[PDB]
Amino acid sequence: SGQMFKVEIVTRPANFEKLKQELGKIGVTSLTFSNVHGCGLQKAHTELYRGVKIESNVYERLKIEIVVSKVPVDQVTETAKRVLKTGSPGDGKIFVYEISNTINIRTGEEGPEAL
Amino acid sequence: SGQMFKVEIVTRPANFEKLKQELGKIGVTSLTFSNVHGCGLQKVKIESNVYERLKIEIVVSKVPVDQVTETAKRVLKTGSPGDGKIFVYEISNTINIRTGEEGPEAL
Amino acid sequence: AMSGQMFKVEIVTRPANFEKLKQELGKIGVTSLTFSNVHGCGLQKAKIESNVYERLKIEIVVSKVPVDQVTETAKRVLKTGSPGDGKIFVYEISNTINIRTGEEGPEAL
Ligand SMILES: Nc1ncnc2c1ncn2[C@@H]1O[C@H](COP(=O)(O)OP(=O)(O)OP(=O)(O)O)[C@@H](O)[C@H]1O
Ligand SMILES: Nc1ncnc2c1ncn2[C@@H]1O[C@H](COP(=O)(O)OP(=O)(O)OP(=O)(O)O)[C@@H](O)[C@H]1O
Ligand SMILES: Nc1ncnc2c1ncn2[C@@H]1O[C@H](COP(=O)(O)OP(=O)(O)OP(=O)(O)O)[C@@H](O)[C@H]1O
C-alpha cells in the first residue's frame with residue numbers, strides 16, 4: 001500500500017542521458033547517481049593446469065539510486081532494461097530492496113508522501 | 001528487540017560539521033560519507049539539473065532510529081532547495097571485523 | 001540460509017588488503033563486485049571529538065554463494081586487530097535483474 005522501494009542500477013557510463021529522459025516520462029522526479037568502480041573476478045588455469053589464479057579486472061561504473069512509491073517498480077526496472085540493454089557485458093544489473101521510511105527534510109513529511 | 005537499521009541521508013554538502021556534534025551527542029560512534037550527485041527530472045520532453053550532494057550512512061541499533069532521523073531533520077533544514085531526503089531500511093546482520101562480534105553488539 | 005534469497009554484503013574498511021581480498025572472494029565463487037572510495041568519520045564524547053579517515057567500500061550481491069562464506073572470508077583477510085578494520089552490513093535484496101540477458105533472481109547473478 002504505502003510501500004516504498006529503492007531501485008539500484010549499476011551499469012557502464014552510457015545512455016544515462018537517454019535513461020533520464022524515459023524515466024521522466026513514466027513519473028520519476030529525482031534520482032541519485034555516483035561514479036564508482038566495478039571489478040570482474042574470473043577463475044583461470046595457471047599454466048599447465050597446475051592451479052587457479054583469479055583474473056582481476058577493474059572498470060568504471062555508474063551507480064544510480066531511485067527510490068519510488070507511486071511509480072511502480074516494474075516500470076522503472078523495465079524502462080531501464082530497455083535503454084541500457086546492448087548485449088555486451090557491462091550492461092549491468094538492477095537490485096531492488098525495500099525502504100522502511102522516507103523523510104523529506106525541507107518539508108518534514110514522512111512515508112510515501114515525502115517522495 | 002535488537003533491530004538494526006541503516007539511515008541514508010542525501011543532502012547538499014553543507015552544515016556537515018554541526019550534524020556531527022548533534023549525532024555524537026546522541027550516541028553515534030562513527031558514520032560513513034561520500035560525495036554523490038542528484039538531478040531532477042521533469043517534462044514529453046525531459047529537462048534535468050545536476051547538483052553535488054553528500055551521502056551520509058549511519059548504521060544503528062541501540063541509538064534509536066527515530067532519534068537519528070529527526071536529529072538529522074532538525075539540523076539540516078533550511079526550506080531552500082537541496083535539503084534533500086532520508087532513506088531508512090532494515091539490516092539483517094552486522095559483523096565487527098576486529099572483534100568478531102555479530103548482531104547489535106557489533107556496532 | 002535458503003534458496004531464492006539474495007543478500008547485499010556491504011563492507012566498509014581500510015583501503016589496505018583489498019587485493020588479497022579480491023583474490024579470495026574470487027575463489028569462493030564471486031564473479032563481480034562494486035567498490036568506491038568513501039570516507040569514515042569517528043565520533044567521541046569527551047563536547048565531541050571528530051575524526052576523518054579514508055575508507056574503502058565493497059558491495060557484493062550474492063545468492064548461490066553463501067553469505068556466511070563471504071563474511072568469514074572477509075573477517076579473515078581484513079582483520080588486523082587494530083581499529084579501522086571496519087564493519088560488514090548485510091541486508092536482503094527483493095530481486096535482481098540482469099540487464100543484458102533479462103534474467104531475474106539467483107540465475108541473474
Ligand atoms: N553481483 C554483483 N554485486 C555487486 N555489484 C555488481 C554485481 N554484478 C555487477 N555489479 C556491478 O555492475 C557492473 C556491471 O556488471 P555486469 O552486470 O555487466 O556483470 P558482468 O561482469 O558482465 O557478468 P557477471 O554476471 O558474470 O557478473 C559491474 O562492473 C559491477 O560494478
Ligand atoms: N526518489 C529519489 N530517489 C533517489 N534520490 C533522491 C530521490 N529524491 C531525492 N533524492 C536525492 O535527494 C536530493 C535532494 O533533492 P530534493 O529534495 O531537492 O529533490 P526534489 O524532488 O528535486 O525536490 P522537491 O522534493 O523539493 O521537489 C536529490 O538531488 C537527490 O540526490
Ligand atoms: N555504525 C556505522 N555506520 C556506518 N558506517 C560505519 C559504522 N561503523 C563503522 N563504519 C565505517 O567503517 C569504518 C571502519 O570503522 P571501524 O569498524 O574500524 O569502527 P571504529 O570507528 O574503529 O570504532 P567503532 O567500533 O566505535 O565504530 C568507519 O570509519 C566508517 O567509515
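Read the numbers this way: they start at 1 and go in the same order the structure lists the ligands and their atoms. So that the names make sense, note that chain A is the first sequence line, chain B the second, and so on, each numbered from 1.
Side chains of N101(A) and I99(A) form no contact here, defined as non-hydrogen atoms less than 4.5 Å apart. Taking the side chain as every heavy atom from C-beta outward, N37(C) and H37(A) approach each other to under 4.5 Å. Taking the side chain as every heavy atom from C-beta outward, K6(B) and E10(C) approach each other to under 4.5 Å. Side-chain contact check for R53(B) versus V10(B): some heavy-atom pair is nearer than 4.5 Å.
For atom 22 (O) of ligand 1, the closest non-hydrogen atom of the protein is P89(A) CB, 3.1 Å. Among protein heavy atoms, atom 27 (O) of ligand 3 sits closest to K87(C) NZ, 2.7 Å. In terms of protein heavy-atom proximity, atom 18 (O) of ligand 1 is closest to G90(A) N, 2.7 Å. Counting only heavy atoms of the protein, atom 15 (O) of ligand 1 lies nearest to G92(A) CA, 4.0 Å. When only non-hydrogen protein atoms are considered, atom 12 (O) of ligand 1 lies nearest to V10(A) CG1, 3.3 Å. Atom 21 (O) of ligand 1 has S32(C) CB, 4.4 Å as its closest protein atom, hydrogens excluded (heavy atom only).
Remark: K55(B) fails to qualify as a cation-pi partner of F33(B) under the 6.0 Å distance and 45° angle criteria applied to the six-membered ring. The side-chain tip of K18(B) does not point at the ring of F16(B) from less than 6.0 angstrom away and within 45° of straight on.
At a 3.5 angstrom cut-off on N or O pairs, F89(C) does not count as close to ligand 3. Of the polar atoms of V67(A), at least one N or O is found under 3.5 Å from an N or O of ligand 2, judged by distance alone.
Atom NZ of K75(C) sits about 13.0 Å away from atom CZ of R98(B), to the nearest 0.5 Å. Going from atom CD of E19(C) over to atom OG of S56(A) covers 5.5 Å, rounded to the nearest 0.5 Å.
Under 4.0 Å from ligand 2, not a single heavy atom of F33(A) appears. The parts of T32(A) lying near ligand 2 are both backbone and side chain, judged by heavy-atom distances below 4.0 Å. Residue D91(A) touches ligand 1 through its backbone alone, judged by heavy-atom distances below 4.0 Å. At a 4.0 Å heavy-atom cut-off, ligand 3 does not touch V38(C) at all. Residue contacts with ligand 1 for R61(A) involve side-chain atoms from C-beta outward but no N, CA, C or O (heavy atoms, distance under 4.0 Å). Counting heavy atoms closer than 4.0 Å to ligand 2, residue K6(A) contributes nothing at all. At a heavy-atom cutoff of 4.0 Å, ligand 3 is contacted by no atom of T13(C), backbone or side chain.
The residue among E8(A), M4(A), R106(A) with a heavy atom at the shortest distance from atom 23 (O) of ligand 2 is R106(A).
Atoms of ligand 1 lying under 4.0 Å from any heavy atom of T31(C), numbered from 1 in the order shown and given with element: 24 (P), 26 (O), 27 (O). Atoms of ligand 3 found under 4.0 Å from any heavy atom of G40(C), numbered from 1 in the order shown, are 29 (O), 30 (C), 31 (O). Within ligand 3, the atoms closer than 4.0 Å to a non-hydrogen atom of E57(B) are 3 (N), 4 (C), 5 (N), numbered from 1 in the order shown.
Between the side chains of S88(A) and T86(A), at least one donor N or O lies within less than 3.5 Å of an accepting N or O. There is no side-chain donor-acceptor pair under 3.5 Å between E103(C) and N98(C).
Side-chain rings of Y91(C) and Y89(B) approach one another, their centers coming within less than 6.0 Å.
Heavy atoms of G42(C) stay at 4.0 angstrom or farther from ligand 3.
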